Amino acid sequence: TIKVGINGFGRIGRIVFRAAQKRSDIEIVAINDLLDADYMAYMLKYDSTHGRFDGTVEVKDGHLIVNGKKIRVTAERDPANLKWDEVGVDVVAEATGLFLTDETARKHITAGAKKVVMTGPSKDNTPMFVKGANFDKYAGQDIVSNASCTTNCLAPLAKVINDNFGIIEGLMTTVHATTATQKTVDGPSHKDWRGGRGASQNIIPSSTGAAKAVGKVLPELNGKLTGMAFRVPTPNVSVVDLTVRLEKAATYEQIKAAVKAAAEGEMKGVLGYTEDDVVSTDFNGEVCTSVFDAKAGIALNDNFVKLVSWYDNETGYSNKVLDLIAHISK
């Protein structure tokens, strides 16, 4: 069993926590945030998106007892003082959004943890991994990043399309659920003016490096992909809309067959495949990081196609954070 400490009990920290409950190989043993234990219990117990917690939650002497297991609660803002070794933490899920460089995340190792997984793209050269794309490149590094939710959706699909047909170039849009960085009514967002506008009222364009970042996890695609996002008023689940030019001519039935074969074979549990008349809520709670929507896509011709793939930006990414923790512990 790998013992995990969570730093940051936001959306990702809390959904990582829930996902860990259903996995025998990983045990959460500690959570650090600036929240009292009783408030943390409340945030875990009730979830507007994913419903009530499946289990028991007790607060006792400032710590959490979840399904009978003691969880150490701390409130340190300097990771160096977290004493992770005192709870035997193997890997830290670094989920605050604040320690996305080697120098900041290394404090967890100073504090006693063996390894760190950043639940977001690194701001320095800390290596990023995406399951289905490059987990097999992991080379023992003590600090790694799971990239972003959007890159976790695009890269598996781009890998299948490229391996089979050769991507000449592609442009991506993600139509993305509202997230915690947005505002309920027009409010201050000085580093992202569009992102301050009322989330429930608007389609909001947003820049994203997620498509370009596919080149870090699939170097053969470096320079061949970029894109952008529209934030829309849904609370969870997002969709990738990938427009690509192909070297090898492929009918839409041939593209479907290639994606389905990968979903049922090497990318099982990462890439999914459906031909049903799905909508976004049909993926609320989905663990696959990329579910190809066969009927939604459209080809102009055998070398120019628009492909659609769903992702639960909360659940799929959180599950693959856990997958990366397990992988680096092998």
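Start at 1 with the first residue shown and count on from there.
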Subject >> Greater mean Cα temperature factor according to the PDB record, 303-311 or 18-26 >> reply: 18-26
Original post:
Of the two stretches 210-218 and 148-156, which shows the higher Cα B-factor on average in the entry?
Top reply: 210-218
**OP:** Could you check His108, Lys224, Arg245, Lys131 and tell me which one carries the biggest Cα B-factor in the deposited entry?
**Re:** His108
Original post:
Which one of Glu266, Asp38, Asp277, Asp47 shows the top CA temperature factor in the record?
Top reply: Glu266
Original post:
By its CA B factor, does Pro79 count among the lowest, middle or highest third of the modelled residues in the chain?
Top reply: highest
Original post:
Of the three thirds of its chain by CA temperature factor, lowest, middle or highest, which one includes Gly187?
Top reply: lowest
**OP:** Would you mind ranking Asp163 by its C-alpha B-factor against the rest of the chain and naming the third, lowest, middle or highest?
**Re:** middle
Subject >> Lowest, middle or highest third - CA B-factor, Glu286 >> reply: middle
Original post:
Hey, what third does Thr119 fall into on Cα B-factor, ranked over its chain?
Top reply: middle
